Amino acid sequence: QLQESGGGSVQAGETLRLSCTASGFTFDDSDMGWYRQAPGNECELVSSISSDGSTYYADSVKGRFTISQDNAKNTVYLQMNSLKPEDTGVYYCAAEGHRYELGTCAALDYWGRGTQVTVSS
């Protein structure tokens, strides 16, 4: 059972740490990924990490967002530094392996998953 934590209202330029916690599982040999959906904008894959720790990002997040899978506590972290109001939306974590059909953001929105991000200036 995967749950998202770490959301909140913050002034832009500040930082937030996002936690993708699980209740069972192992993310080994199954690369994870954070997604995000801004109000009335398309679902976007912000960052994803491999089973071996080879990270990927998008052009808007690189050098500001660092993704990292803890093995022991068995939780995926996403550190978001240099936040901009363009970031604001809802961030859903979900295995790129176990991918949905109606859309990652849209399906996880149905089941009431992900955590809220809010950014003013």
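The first residue of the sequence shown is number 1, and the count goes up from there.
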item: 100-108 versus 21-29 - greater average Cα B-factor per the deposited record; value: 21-29
item: Residue range whose averaged C-alpha B-factor is higher in the record, 88-96 or 53-61; value: 53-61
item: Residue 5 - which third its CA temperature factor falls in, relative to the rest of the chain; value: middle
item: Lowest, middle or highest third - CA B-factor, residue 72; value: highest
item: Relative C-alpha B-factor of residue 45, binned into the chain's lowest, middle or highest third; value: lowest
item: Where the record places residue 118 (Cα B-factor, split into thirds across the chain); value: middle
